[PDB]
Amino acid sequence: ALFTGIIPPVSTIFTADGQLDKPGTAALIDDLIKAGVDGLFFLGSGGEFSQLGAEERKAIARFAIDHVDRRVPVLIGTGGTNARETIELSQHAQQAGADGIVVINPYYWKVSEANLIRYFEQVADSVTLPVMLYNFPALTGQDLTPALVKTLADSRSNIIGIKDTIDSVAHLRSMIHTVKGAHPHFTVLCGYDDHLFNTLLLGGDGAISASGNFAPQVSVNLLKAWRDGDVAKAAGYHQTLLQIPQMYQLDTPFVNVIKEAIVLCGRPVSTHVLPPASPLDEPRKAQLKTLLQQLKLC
């Protein structure tokens, strides 16, 4: 199974003038590697892919891949609505040295099932890399159902996992039973911090969740305890992860919150975000701070 364990959706650090902040993004990457994560995912939702132009995404991917320098597996988010662009970004990712790509369903038009399957098959045909699907129905307005995902896995042998981003135990359960029941090495990662523990107990593989950026140790330690058979210890970490998603209510998009949390938890990066996100206000920064303090994360 590929891309299992804890794989953060890394925040992209920008300067106050809105350019890629290489020193800060590099420092964040190095913090996460040092924390023991199993991989890194750039240009996810929290990486601001949807607020970046294609050339910007290419430049950020190349930078990140080269900085990681093969220390851990690297995933690049290459999706969008422009399918020709998805292919271009995906081929660019493979040429630049990525280990895999992560592809959401098109999220403007909710295309027909025939078109959706074709789209994923075309993207998967365009690269030799492993492809992770990305389900985020709250934002896309179109669910990647366990049945559909199984059909995709049956069709292309490089479609090998999913980031299932949904506050639903039923969806994670059914994804695992349906897809992993046919393809035991297909990877199921939850996209929310508070579903990691359940995902493992259900027979899934890990998480790609925003708290990976500012508190990776919580998820890394949970996974380690689980793998060591220390369930009580894993449940302890889980109690923390259950509470963390309160912070994401502070703003929408909450990409600002995540970067403010990176700062609060001890890595001083520019927290600039791209429009239509905006800077978190001071009152809400203090609220975030009190949450992190109550959970003992700063």
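Residue numbers here begin at 1 and follow the sequence given.
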property: Between 232 to 240 and 57 to 65 (mean CA B-factor, as deposited), the higher; result: 232 to 240
property: Given 257 to 265 and 44 to 52, the range whose Cα B-factors average higher in the PDB entry; result: 257 to 265
property: Criterion, highest CA B-factor; candidates, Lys110, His183, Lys163, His195; result: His183
property: Lowest, middle or highest third - CA B-factor, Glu121; result: middle
property: Chain third (lowest, middle, highest) by recorded CA B-factor, residue given as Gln142; result: lowest
property: Record-listed C-alpha B factor of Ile6: chain third; result: middle
property: Ranked C-alpha temperature factor of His177 among modelled chain residues, by third; result: highest
property: Chain-wide C-alpha B factor ranking for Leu222, given as lowest, middle or highest third; result: middle
